[PDB]
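Q: Quick one, fold the following:
(chains A, B, C, D, E and F)
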Amino acid sequence: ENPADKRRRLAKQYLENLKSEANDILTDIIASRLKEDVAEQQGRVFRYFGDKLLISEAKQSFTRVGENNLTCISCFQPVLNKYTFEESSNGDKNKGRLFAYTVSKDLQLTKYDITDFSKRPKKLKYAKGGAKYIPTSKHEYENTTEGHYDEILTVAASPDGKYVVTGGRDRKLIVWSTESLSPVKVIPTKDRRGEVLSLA
Amino acid sequence: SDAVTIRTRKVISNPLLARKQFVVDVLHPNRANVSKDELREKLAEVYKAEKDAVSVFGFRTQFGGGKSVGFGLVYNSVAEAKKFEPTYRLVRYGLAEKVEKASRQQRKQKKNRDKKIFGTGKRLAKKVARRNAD
Amino acid sequence: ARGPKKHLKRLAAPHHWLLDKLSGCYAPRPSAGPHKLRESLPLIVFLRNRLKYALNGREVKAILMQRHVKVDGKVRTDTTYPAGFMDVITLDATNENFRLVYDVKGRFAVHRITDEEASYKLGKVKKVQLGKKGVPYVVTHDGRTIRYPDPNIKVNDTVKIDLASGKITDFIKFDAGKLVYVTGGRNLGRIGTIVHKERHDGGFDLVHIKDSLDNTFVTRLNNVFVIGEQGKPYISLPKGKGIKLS
Amino acid sequence: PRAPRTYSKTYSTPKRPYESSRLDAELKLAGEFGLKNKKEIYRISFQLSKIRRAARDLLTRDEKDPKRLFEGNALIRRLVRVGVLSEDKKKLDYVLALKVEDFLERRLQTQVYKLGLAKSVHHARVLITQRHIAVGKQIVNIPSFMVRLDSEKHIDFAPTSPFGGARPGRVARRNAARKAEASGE
Amino acid sequence: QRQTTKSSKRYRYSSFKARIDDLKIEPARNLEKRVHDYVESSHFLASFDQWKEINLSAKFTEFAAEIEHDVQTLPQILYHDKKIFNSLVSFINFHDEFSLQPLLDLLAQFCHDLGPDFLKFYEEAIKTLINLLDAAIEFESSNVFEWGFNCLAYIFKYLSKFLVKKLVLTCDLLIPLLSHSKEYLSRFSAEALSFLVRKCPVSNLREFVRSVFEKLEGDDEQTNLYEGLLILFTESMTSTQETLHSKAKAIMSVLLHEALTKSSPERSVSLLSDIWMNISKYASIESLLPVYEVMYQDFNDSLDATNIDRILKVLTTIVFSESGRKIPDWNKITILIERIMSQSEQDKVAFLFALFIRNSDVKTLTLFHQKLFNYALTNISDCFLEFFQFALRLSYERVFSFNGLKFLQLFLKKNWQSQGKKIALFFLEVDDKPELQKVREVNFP
RNA sequence: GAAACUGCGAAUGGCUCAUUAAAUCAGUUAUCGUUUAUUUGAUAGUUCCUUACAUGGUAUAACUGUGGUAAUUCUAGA
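A: Numbering: from 1, shown residues only, chains lettered A, B, ... in the order given. Now the structure:
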């Protein structure tokens, strides 16, 4: 009933899982795992799978798309917090559903599900621009038409799994929701030559 | 469009006066001149001290605008604040009270008059009172 | 004037204090004390202009009356106390000891110092004498009178002094080949081994010093201060170890 | 009982102030670079006179004298950072051969007109002092700013201005309010 | 005369004893922006980062090196439980003030995180704390006392339910600090354990009261333990600013029963009396009335045993405490007096009767003064003259407006041959005063 | 915590250049030819020696009261 005791309960379940995974690995270690899950925070390279990889049998799969000229891809991957212990994703109907967001010169943004590592990326949803989002002034700071009207060029998905933000040659930068692809906010770059090239 | 962004540099933990002294860089684009009250609330939220502990002063907006650089102090308690702060800054932040005194000329003139009176005065007052009573 | 001065103008102050010439008219006249006027650092200059632990003289008063500052083992509360050369200034809440010692550029220099090195202090035996009741004493360069010294201690010889008992731990003679710090004059801060004491009678004995890049210069015996033997300074020197360059 | 701040005279009248060749010289310079003053031309000529006198004395001193090496290398690198002396002319002889046209070309209003944010030199002057033009992040409104090379690449319109950024000026938005009210009636 | 009218200057001297006498314990009476309760990535880690910024001392720097490599998160704490605690205890035993502040704060917050698993380190944690406090006596520092007892208050508050369940072992631990021979150690330790006593429910409270009365009879020779128990219970009852509360009336009922048992020591009954004295001096009658109801109730429950003198002790304390300004109804007190008299069917009776004559209300004395003097004349027969001299010394004009002379005459007629020397001594006393002329006027057998 | 006694300071600071032509002053020396509040460091058991040291004695201020005088930071008697 107390938040400190709730944190202790989640940490105790986490430690049960650690001891069980140490036993299944056995079929020191837990201290090293805890030091790792902290050692993400320090700025030194630690993830050392540089030779465990089997590239010679890495299974490849091309998927042809409909639109022309994909411009960028950014894939959202839910992780687990170490401070609190719920998850990275927002909803409960997601539960770690690997998502991908692709933007293409055809002014199309598309979210795929990529949760399964054997099947193909399944196109969940999409949103397309067009010429009806052309600003009526064209000479002002206001550029806040709810769509994209020319050459989207970069995408990036937020780590909290709520937003994905796209930017292109139209000198806007739009943040869309991740479910309905609805544009929740649009920020002009407020510059005549301020085209957005790359997000991170 | 607008979001005031506070950053601090040169954070010196000074444990002699029980405080942390730094230099506050405020970025306020499309805005002007964020209040010391707002800065003290936000610095209290950042540094987990109380608004009565936090103190700031000496802010200076740059040419063109959009940035004002200043100075700040965060004591380790409101008790250390009331102990080491100057009285004018406690008056600013509402902790102490602005005391009421007469002007410099009035105080110095009362000093000179009382300097010319010797003793307590009351025996002289009785003497001159009966003197004018004759 | 009809008596002793109590004020010091800003431009009248010693140059090595690095006092900037606009923040007022007066500079902290250092009170009478162990060290001379033109080679002393007041605690207000040290705490405010150097360590930046204070912003005002009222904050220097707050620190000193809180009794944090100790200068050679003892608490000082006068804000213009003349903390001089080869001094130990301990701040307890900050856990720092400072040996005050000159830099190469001619200015004073904060030297962070650990406890085992702060526990003692050098001192240039400068006047050895025979006092009342027939006891001998030495007068070092900071007024410290130490009765009953070793019989071999002479003028111009360094004595390592234990602070917490005020006693003489040991001493370092004045011969050619010792490590010599220079304290006054043009070359102050240039640590070099002493080559030859050119000795005149009634004049001033000059001293030929040669330092690690085998450069040679001349100073006076008043400015020479012996530290230790060849390559073995008893104290820890500041960065650069006292070498003037190009 | 303060210490005296130091001041210094920045220009100096020449020897013969009335001379037809020099009058037409200053007319050419003022009309070509958009200046306003013999005061401005004497400012630049005084700086150049000081520079060339220092360079001449360092010439007369001995080669590989440390005074000459130190002060000459410092003078050369300061001029190179200003941009007046090019990279491949890093010598005291070219420092002797510099001129006022080079310095007035490194001024800021000439750089704004050359980069093409303005139609004329006078238009550039007006833009700078109307506070439209920033060098990097800093709004500059001094038409005698003497840019360096990196700054010369960094000159642009300022984010406060109606030209490279935010809301239109009072003339434009007052006209717009007038037309809105006139369409309302 | 402590410093009452403050001066105009800003820095007083404040000697060490003055600072202790000003000092109190309850941080819940205190309040601020608590950093550890404010930011919640981990309590220990939040406090650790704040103290790493604030404190620059050698001892805490070394501790910071070690445990900063260890802890950065909650499972790291939950796994390396023992290493952290042994390092903390190592430096607290190193006993250095400049580092003694943050390690005490971290001990509190470390328990707060490690809650119900702390109960194996808890014992030797308390041991190192009380060793620290006795060392603080050796180096006087009000700072160290305030920190250490705030750490004890925090540990009690964080492990409330378990120590409440196991209350007798906690006071068995704190008795070396509760009965310590220094007024401020007994005061502060009593305040902390008093907070736990206020938190405890009725059954474990009854057990604890029985145990502590047995321990007081064990420490019959000790008086400072008695004083510590007194200040402990009186703060548990008085804890608010002017109003004792429902936990205080429950505490009073429990103490009343377990002191009016036939096994409780009469020294413990005196302790109950002093508790009631402090409470009557502190609180106001509106907040006091239900406690009065509880006391009268328990009197009427257990008035009939071999505890009649014990009841008389508590009742003398009640009627003396301040005055009628705290007493609701001398009529109910009168009913209790007649009950005790009829049950008795000595010296304390004389003391009670004199205190009633002096302090009670005249509107009730108008109808009780007959039965009062008749009870005195019957029961305390040889003692009646001592009672009468005490009454005349306390308040003569009350009995003189009442019938002192007539009852004295009736006593002389009933009995004169047993204590005629006492009669002579009484009259020998009452000659000199010029305020007993009616006693000079009274008649003889 | 007023007043007054006591201690310290009021000899520094601020202004002006009237006087002074080996005088002041600048650089250089000396005190083995002297005084020095303060600051800083050291420093003084003297045990006895023919007939209170758990601690001698006087006053005076401020104050109470009686007054003088045109008047002053005047002061008298008790």
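Q: Next, report how far stretch E:30-44 is displaced from the centre of its chain.
A: Relative to its chain's centre, stretch E:30-44 lies at 32 Å (C-alpha atoms, centre = their mean, to the nearest Å).
Q: and the end-to-end length of that stretch?
A: Across its full length, stretch E:30-44 reaches 21 Å end to end, with C-alpha to C-alpha, to the nearest Å as the criterion.
Q: And chain A, is it touching that?
A: Yes. Under the criterion of C-beta under 8 Å from any C-beta of the partner chain, stretch E:30-44 makes contact with chain A via E:40-43. Backbone N, C-alpha and C define where each C-beta goes, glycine included.
Q: go on, stretch B:26-35?
A: No. Using C-beta under 8 Å from any C-beta, we find that stretch B:26-35 stays clear of chain A, coming within 9.9 Å at best.
Q: Name the residues of chain D found near chain A, please.
A: Near chain A, when you scan chain D using C-beta under 8 Å from any C-beta, you find D:159, D:164-168.
Q: again, 10 Å this time
A: Contact residues, chain D versus chain A (C-beta under 10 Å from any C-beta of the partner chain): D:156-157, D:159, D:162-168.
Q: Just the buried ones from these?
A: Among the residues of chain D next to chain A, those buried by neighbour count (16 or more other C-beta atoms under 10 Å in any protein chain shown) are D:156-157, D:159, D:162-165.
Q: Which of those residues sits closest to residue B:56?
A: Of all these, residue B:56 sits closest to residue D:159, with 26.5 Å by C-beta to C-beta.
Q: Would you mind listing what in chain B touches chain C?
A: Taking C-beta under 10 Å from any C-beta as the criterion, chain B approaches chain C at residues B:10, B:12-18, B:21, B:71, B:73, B:83-84, B:86.
Q: quick one, strands of the chain?
A: This is for chain A. Per DSSP state E, chain A has strands spanning A:70-76, A:99-104, A:108-113, A:122-128, A:152-157, A:163-168, A:172-177, A:183-188. These are given in chain order.
Q: Chain D was what I was after
A: Using DSSP E, strands in chain D cover D:133-135, D:138-139, D:155-157.
Q: Make CSV out of those strands and add distance to residue E:237.
A: As requested, these are arranged in CSV below (distance: least, C-beta to C-beta, whole Å):
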stretch, distance to residue E:237
strand D:133-135, 72
strand D:138-139, 69
strand D:155-157, 76
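Q: And the residues of chain D next to chain A, which is closest to residue A:11?
A: Taking C-beta to C-beta as the measure, residue A:11 lies nearest residue D:159 of the residues of chain D next to chain A, at 48.0 Å.
Q: and the nearest residue to the closest one once chain neighbours are set aside, backbone torsions?
A: Nearest residue to residue D:159 in three dimensions, chain neighbours excluded: residue D:165, at 4.4 Å (C-beta to C-beta, 6 or more residues apart in numbering or on different chains). According to degrees, to the nearest 10, the main-chain angles of residue D:165 amount to phi 170, psi -120.
Q: pretty sure residue D:165 is touching residue D:139, no?
A: No. The pair residue D:165 / residue D:139 is not scored as a contact, 11.4 Å apart, by C-beta atoms under 10 Å.
Q: overlap in contacts of the two?
A: Contact criterion C-beta atoms under 10 Å, 6 or more residues apart in numbering or on different chains; residues bridging residue D:165 and residue D:139 by contacting each: D:132, D:158-159.
Q: Distance to residue C:87 added to these, as JSON lines?
A: Converted to JSON lines, the shared contacts of residue D:165 and residue D:139 look like this (distance: C-beta to C-beta, whole Å):
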{"residue": "D:132", "distance to residue C:87": "58"}
{"residue": "D:158", "distance to residue C:87": "54"}
{"residue": "D:159", "distance to residue C:87": "54"}
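Q: For residue 23, the count of nearby residues, please.
A: Unless you meant another one, I'm taking chain A. Using other C-beta atoms under 10 Å in any protein chain shown, residue A:23 has 10 other residues around it.
Q: ah, I was thinking of chain E
A: By the measure other C-beta under 10 Å, the count of residues near residue E:23 is 14.
Q: Tell me which residue of chain B lies closest to chain D.
A: Nearest residue of chain B to chain D: residue B:64, at 3.2 Å (C-beta to the nearest C-beta).
Q: for the stretch 201-350 of chain E, same thing?
A: residue E:241 (57.5 Å).
Q: what's the helix or strand for that residue?
A: In this structure, residue E:241 is located outside every helix and strand according to DSSP states H and E.
Q: surely it meets residue E:29?
A: Yes. The pair residue E:241 and residue E:29 passes the contact test of C-beta under 10 Å, sitting 9.0 Å apart.
Q: Comparing these two, which shows the higher neighbour count?
A: Legend: neighbour count by other C-beta under 10 Å for residue E:241 and residue E:29, higher for residue E:29 (10 against 7).
Q: I'd like the distance from that one to residue E:432, if you could.
A: Distance of residue E:29 to residue E:432, given as C-beta to C-beta, to the nearest Å: 54 Å.
Q: Closest to chain C out of the shared contacts of residue D:165 and residue D:139?
A: Nearest to chain C among the shared contacts of residue D:165 and residue D:139 is residue D:158, at 32.9 Å by C-beta to the nearest C-beta.
Q: how far away is that closest one from residue D:140?
A: In this structure, residue D:158 lies at 9 Å from residue D:140, with C-beta to C-beta as the measure.
Q: Chain C contacts on chain D?
A: Taking C-beta under 10 Å from any C-beta as the measure of proximity, chain D contacts chain C at D:1-5, D:66, D:70.
Q: on that earlier part again, what's the closest of the strands of chain A to residue D:94?
A: Shortest separation from residue D:94 across these is recorded for strand A:152-157, at 46.7 Å, computed as C-beta to C-beta.
Q: winner for burial among the strands of chain D?
A: When the strands of chain D are scored by mean count of other C-beta atoms under 10 Å in any protein chain shown, the highest mean neighbour count falls to strand D:133-135 (a mean of 23).
Q: could you point out the longest helix in chain D?
A: Among all segments of chain D classified by DSSP state H, the helix with the greatest residue count is helix D:38-60.
Q: Check chain C too.
A: Among the elements of chain C assigned as helix by DSSP H, the one spanning the most residues is helix C:57-65.
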